[PDB]
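Only one structure is covered here, and it is reproduced in the block below.
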Amino acid sequence: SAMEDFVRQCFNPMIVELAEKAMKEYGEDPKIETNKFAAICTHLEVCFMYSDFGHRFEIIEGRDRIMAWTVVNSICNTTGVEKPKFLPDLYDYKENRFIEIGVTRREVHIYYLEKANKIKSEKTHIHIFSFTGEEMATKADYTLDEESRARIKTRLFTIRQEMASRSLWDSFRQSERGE
Ligand SMILES: N#Cc1[nH]c(Br)cc(=O)c1O
Ligand SMILES: [Mn+2]
Ligand SMILES: [Mn+2]
């Protein structure tokens with residue numbers, strides 16, 4: 001029950017509510033799949049931090065599927081960018097490309113390969129963050145300036161260390177749930 005307490009204590013209510021909604025979609029109980037719960041919250045918060053550091057970015061993640069696809073289709077219709085096969089996380093209006101955001105407890109390159117093999121689209125930019133301050137991005141183009149990426153890396157490390165002080169990090173990292 002400690003993972004749920006930590007989640008509600010370190011993530012703001014909006015993020016927690018969105019994550020619980022995602023889990024209700026999956027038919028998953030956040031009191032049981034606690035690690036997936038924390039992972040969902042962390043990925044949501046990274047996506048929102050990313051989109052706020054720009055308005056440069058359009059947030060697709062966190063919307064219900066109806067709204068997410070409505071926004072994707074609006075962007076495609078008004079830009080001509082090819083429609084992604086999977087719901088991406090953001091749209092970058094400056095570079096004019098969709099972005100998939102990855103947050104992993106494994107090596108950034110392994111998860112990068114996983115994401116790139118999955119989405120199978122040369123056009124969606126991919127950006128992977130770890131909990132150790134590492135990143136990897138398509139073409140090594142990290143989109144953001146050093147300060148914003150620093151802010152995200154700090155937040156992720158801090159989440160890791162909070163989990164560690166509560167003896168939660170070990171279970172969370174050995175689990176691939178949420179990636
Ligand atoms: N939608 C969605 C989604 N689901 C998992 Br699992 C990992 C992600 O990075 C992501 O954007
Ligand atoms: Mn997503
Ligand atoms: Mn993502």
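Just remember, in the structure tokens the first chain shown is A, the second B, etc., residues are 1-based per chain, and ligands are 1-based in the order shown.
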
Could you pull out the residues sitting within 8 Å of ligand 1, using only C-alpha atoms and all ligand atoms, and write them as a PDB file with C-alpha atoms, in the first residue's frame?
ATOM      1  CA  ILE A  40       1.697   6.095 -15.775  1.00  0.00           C
ATOM      2  CA  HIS A  43       5.043   9.487 -17.997  1.00  0.00           C
ATOM      3  CA  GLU A  61      -1.303  12.259 -24.207  1.00  0.00           C
ATOM      4  CA  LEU A  87      -1.382   7.768 -30.755  1.00  0.00           C
ATOM      5  CA  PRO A  88       1.817   9.777 -30.183  1.00  0.00           C
ATOM      6  CA  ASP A  89       2.462  11.932 -27.110  1.00  0.00           C
ATOM      7  CA  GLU A 100       6.697   9.876 -28.797  1.00  0.00           C
ATOM      8  CA  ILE A 101       7.985  10.294 -25.231  1.00  0.00           C
ATOM      9  CA  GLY A 102       9.556   7.292 -23.533  1.00  0.00           C
ATOM     10  CA  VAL A 103      10.326   6.946 -19.819  1.00  0.00           C
ATOM     11  CA  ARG A 177       5.043  -2.525 -16.397  1.00  0.00           C
ATOM     12  CA  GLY A 178       4.155   0.886 -17.804  1.00  0.00           C
ATOM     13  CA  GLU A 179       6.834   0.922 -20.523  1.00  0.00           C
TER      14      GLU A 179
END

Expected answer as a count of residues only: strand (DSSP E) residues in stretch 31-121 of chain A:
14

Which residues form the shell of 12 Å around ligand 3 when you count only C-alpha atoms and all ligand atoms, given as a PyMOL selection string?
chain A and resi 39-48+50+59-62+86-90+98-104+111-112+114-116+118-119+124-129+178-179

Spatial neighbours of residue A:169, max dist 12 Å, only C-alpha atoms, sep filter under 4 positions, as a PyMOL selection string
chain A and resi 2-3+6+34-35+38-39+105+131+157-165+173-175

Stretch 27-32 of chain A environment, 10 Å, only C-alpha atoms, sequence neighbours closer than 3 positions dropped, as a PyMOL selection string
chain A and resi 1-5+19-24+35-38

Give me every alpha helix (DSSP H) residue in stretch 66-172 of chain A, going by DSSP on the backbone, as a tab-separated table (two decimals) with N, CA, C and O atoms, in the first residue's frame.
chain	number	residue	atom	x	y	z
A	66	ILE	N	-11.01	9.64	-28.15
A	66	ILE	CA	-11.78	10.48	-29.06
A	66	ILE	C	-11.07	11.81	-29.28
A	66	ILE	O	-10.80	12.21	-30.42
A	67	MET	N	-10.78	12.52	-28.19
A	67	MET	CA	-10.15	13.83	-28.29
A	67	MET	C	-8.76	13.73	-28.89
A	67	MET	O	-8.38	14.55	-29.73
A	68	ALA	N	-7.97	12.75	-28.45
A	68	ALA	CA	-6.62	12.59	-28.98
A	68	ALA	C	-6.65	12.44	-30.49
A	68	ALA	O	-5.89	13.11	-31.21
A	69	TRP	N	-7.52	11.58	-31.00
A	69	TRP	CA	-7.58	11.38	-32.44
A	69	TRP	C	-8.18	12.59	-33.15
A	69	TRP	O	-7.77	12.91	-34.26
A	70	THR	N	-9.12	13.29	-32.51
A	70	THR	CA	-9.64	14.53	-33.10
A	70	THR	C	-8.51	15.52	-33.31
A	70	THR	O	-8.40	16.15	-34.37
A	71	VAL	N	-7.63	15.65	-32.32
A	71	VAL	CA	-6.54	16.62	-32.40
A	71	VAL	C	-5.50	16.17	-33.42
A	71	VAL	O	-4.99	16.97	-34.21
A	72	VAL	N	-5.16	14.88	-33.41
A	72	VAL	CA	-4.24	14.35	-34.42
A	72	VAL	C	-4.77	14.63	-35.82
A	72	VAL	O	-4.02	15.07	-36.71
A	73	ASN	N	-6.06	14.38	-36.04
A	73	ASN	CA	-6.63	14.57	-37.37
A	73	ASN	C	-6.68	16.04	-37.75
A	73	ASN	O	-6.46	16.39	-38.92
A	74	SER	N	-6.96	16.92	-36.79
A	74	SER	CA	-6.90	18.35	-37.08
A	74	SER	C	-5.50	18.76	-37.51
A	74	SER	O	-5.32	19.48	-38.51
A	75	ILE	N	-4.48	18.30	-36.77
A	75	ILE	CA	-3.11	18.66	-37.12
A	75	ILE	C	-2.77	18.15	-38.51
A	75	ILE	O	-2.22	18.88	-39.35
A	76	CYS	N	-3.09	16.88	-38.79
A	76	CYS	CA	-2.78	16.32	-40.10
A	76	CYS	C	-3.49	17.10	-41.21
A	76	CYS	O	-2.89	17.38	-42.25
A	77	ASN	N	-4.74	17.48	-40.99
A	77	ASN	CA	-5.49	18.19	-42.02
A	77	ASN	C	-4.92	19.58	-42.28
A	77	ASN	O	-4.91	20.05	-43.42
A	78	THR	N	-4.45	20.25	-41.23
A	78	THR	CA	-3.93	21.61	-41.38
A	78	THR	C	-2.43	21.68	-41.64
A	78	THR	O	-1.91	22.78	-41.86
A	79	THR	N	-1.71	20.56	-41.63
A	79	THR	CA	-0.27	20.57	-41.91
A	79	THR	C	0.16	19.61	-43.01
A	79	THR	O	1.22	19.83	-43.60
A	108	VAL	N	18.61	3.58	-21.90
A	108	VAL	CA	17.86	4.39	-22.85
A	108	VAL	C	17.90	3.80	-24.25
A	108	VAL	O	16.91	3.88	-24.98
A	109	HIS	N	19.03	3.18	-24.65
A	109	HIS	CA	19.13	2.70	-26.02
A	109	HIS	C	18.26	1.47	-26.25
A	109	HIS	O	17.66	1.33	-27.33
A	110	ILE	N	18.14	0.60	-25.25
A	110	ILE	CA	17.28	-0.58	-25.39
A	110	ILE	C	15.82	-0.16	-25.57
A	110	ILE	O	15.12	-0.63	-26.48
A	111	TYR	N	15.35	0.76	-24.73
A	111	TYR	CA	13.98	1.24	-24.86
A	111	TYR	C	13.78	2.04	-26.14
A	111	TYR	O	12.71	1.96	-26.76
A	112	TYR	N	14.79	2.82	-26.55
A	112	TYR	CA	14.69	3.51	-27.83
A	112	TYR	C	14.45	2.51	-28.96
A	112	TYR	O	13.58	2.71	-29.81
A	113	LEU	N	15.25	1.44	-28.99
A	113	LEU	CA	15.06	0.42	-30.02
A	113	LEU	C	13.67	-0.18	-29.95
A	113	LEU	O	13.02	-0.38	-30.98
A	114	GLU	N	13.19	-0.46	-28.74
A	114	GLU	CA	11.84	-0.99	-28.58
A	114	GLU	C	10.80	-0.06	-29.20
A	114	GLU	O	9.94	-0.49	-29.99
A	115	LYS	N	10.86	1.23	-28.86
A	115	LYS	CA	9.89	2.19	-29.35
A	115	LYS	C	9.97	2.34	-30.87
A	115	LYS	O	8.95	2.42	-31.55
A	116	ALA	N	11.19	2.41	-31.40
A	116	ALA	CA	11.36	2.63	-32.83
A	116	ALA	C	10.91	1.41	-33.63
A	116	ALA	O	10.34	1.55	-34.72
A	117	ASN	N	11.15	0.22	-33.09
A	117	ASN	CA	10.65	-1.00	-33.72
A	117	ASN	C	9.13	-1.07	-33.66
A	117	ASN	O	8.50	-1.56	-34.61
A	118	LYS	N	8.53	-0.57	-32.58
A	118	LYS	CA	7.07	-0.62	-32.45
A	118	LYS	C	6.40	0.36	-33.40
A	118	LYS	O	5.57	-0.03	-34.23
A	119	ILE	N	6.74	1.65	-33.30
A	119	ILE	CA	5.98	2.65	-34.04
A	119	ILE	C	6.33	2.64	-35.52
A	119	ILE	O	5.55	3.15	-36.33
A	146	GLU	N	18.77	22.93	-23.17
A	146	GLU	CA	19.40	22.14	-22.11
A	146	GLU	C	18.68	22.30	-20.78
A	146	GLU	O	18.59	21.35	-20.00
A	147	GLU	N	18.15	23.50	-20.50
A	147	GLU	CA	17.51	23.75	-19.21
A	147	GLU	C	16.25	22.91	-19.03
A	147	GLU	O	16.03	22.33	-17.96
A	148	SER	N	15.40	22.83	-20.06
A	148	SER	CA	14.16	22.07	-19.94
A	148	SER	C	14.44	20.58	-19.76
A	148	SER	O	13.82	19.90	-18.93
A	149	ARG	N	15.38	20.05	-20.55
A	149	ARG	CA	15.75	18.66	-20.39
A	149	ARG	C	16.35	18.42	-19.01
A	149	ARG	O	16.12	17.38	-18.39
A	150	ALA	N	17.13	19.38	-18.52
A	150	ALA	CA	17.64	19.30	-17.16
A	150	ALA	C	16.51	19.20	-16.15
A	150	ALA	O	16.57	18.41	-15.21
A	151	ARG	N	15.47	20.03	-16.32
A	151	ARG	CA	14.35	20.02	-15.38
A	151	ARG	C	13.67	18.65	-15.37
A	151	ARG	O	13.36	18.10	-14.31
A	152	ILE	N	13.47	18.08	-16.56
A	152	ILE	CA	12.86	16.75	-16.63
A	152	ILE	C	13.76	15.69	-15.99
A	152	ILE	O	13.29	14.82	-15.25
A	153	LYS	N	15.06	15.73	-16.29
A	153	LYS	CA	15.96	14.73	-15.72
A	153	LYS	C	15.98	14.84	-14.20
A	153	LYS	O	15.97	13.82	-13.50
A	154	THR	N	16.02	16.07	-13.68
A	154	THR	CA	15.95	16.26	-12.24
A	154	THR	C	14.69	15.64	-11.67
A	154	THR	O	14.74	14.91	-10.68
A	155	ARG	N	13.54	15.95	-12.28
A	155	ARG	CA	12.29	15.42	-11.74
A	155	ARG	C	12.31	13.89	-11.71
A	155	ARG	O	11.89	13.27	-10.72
A	156	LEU	N	12.81	13.27	-12.78
A	156	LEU	CA	12.82	11.81	-12.84
A	156	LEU	C	13.76	11.21	-11.80
A	156	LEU	O	13.41	10.24	-11.11
A	157	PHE	N	14.96	11.77	-11.67
A	157	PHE	CA	15.87	11.33	-10.62
A	157	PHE	C	15.24	11.48	-9.24
A	157	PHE	O	15.38	10.61	-8.38
A	158	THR	N	14.56	12.61	-9.01
A	158	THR	CA	13.94	12.84	-7.72
A	158	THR	C	12.86	11.81	-7.44
A	158	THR	O	12.72	11.33	-6.31
A	159	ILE	N	12.06	11.47	-8.45
A	159	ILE	CA	11.08	10.41	-8.25
A	159	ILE	C	11.78	9.12	-7.87
A	159	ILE	O	11.38	8.42	-6.93
A	160	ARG	N	12.86	8.79	-8.58
A	160	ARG	CA	13.60	7.57	-8.26
A	160	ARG	C	14.07	7.59	-6.81
A	160	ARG	O	13.92	6.59	-6.09
A	161	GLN	N	14.63	8.71	-6.37
A	161	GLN	CA	15.19	8.77	-5.02
A	161	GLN	C	14.10	8.74	-3.97
A	161	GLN	O	14.28	8.15	-2.89
A	162	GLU	N	12.96	9.36	-4.24
A	162	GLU	CA	11.83	9.24	-3.32
A	162	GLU	C	11.41	7.78	-3.19
A	162	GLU	O	11.25	7.27	-2.08
A	163	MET	N	11.26	7.08	-4.32
A	163	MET	CA	10.95	5.65	-4.25
A	163	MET	C	12.00	4.90	-3.45
A	163	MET	O	11.68	4.01	-2.66
A	164	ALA	N	13.28	5.25	-3.64
A	164	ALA	CA	14.35	4.57	-2.94
A	164	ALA	C	14.24	4.75	-1.43
A	164	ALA	O	14.36	3.79	-0.66
A	165	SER	N	13.98	5.99	-0.98
A	165	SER	CA	13.89	6.23	0.45
A	165	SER	C	12.73	5.46	1.07
A	165	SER	O	12.78	5.13	2.27
A	169	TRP	N	11.96	1.57	-4.92
A	169	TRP	CA	12.64	1.65	-6.21
A	169	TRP	C	12.98	0.27	-6.76
A	169	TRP	O	12.88	0.04	-7.97
A	170	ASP	N	13.39	-0.65	-5.89
A	170	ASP	CA	13.81	-1.97	-6.37
A	170	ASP	C	12.69	-2.66	-7.14
A	170	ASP	O	12.90	-3.12	-8.27
A	171	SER	N	11.51	-2.77	-6.54
A	171	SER	CA	10.39	-3.38	-7.25
A	171	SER	C	10.08	-2.63	-8.53
A	171	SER	O	9.86	-3.24	-9.59
A	172	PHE	N	10.09	-1.30	-8.47
A	172	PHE	CA	9.67	-0.49	-9.62
A	172	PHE	C	10.60	-0.66	-10.81
A	172	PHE	O	10.15	-0.72	-11.96

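With distances taken over only C-alpha atoms and all ligand atoms, A:64 is the one residue among A:122, A:107, A:52, A:64 lying closest to ligand 2.
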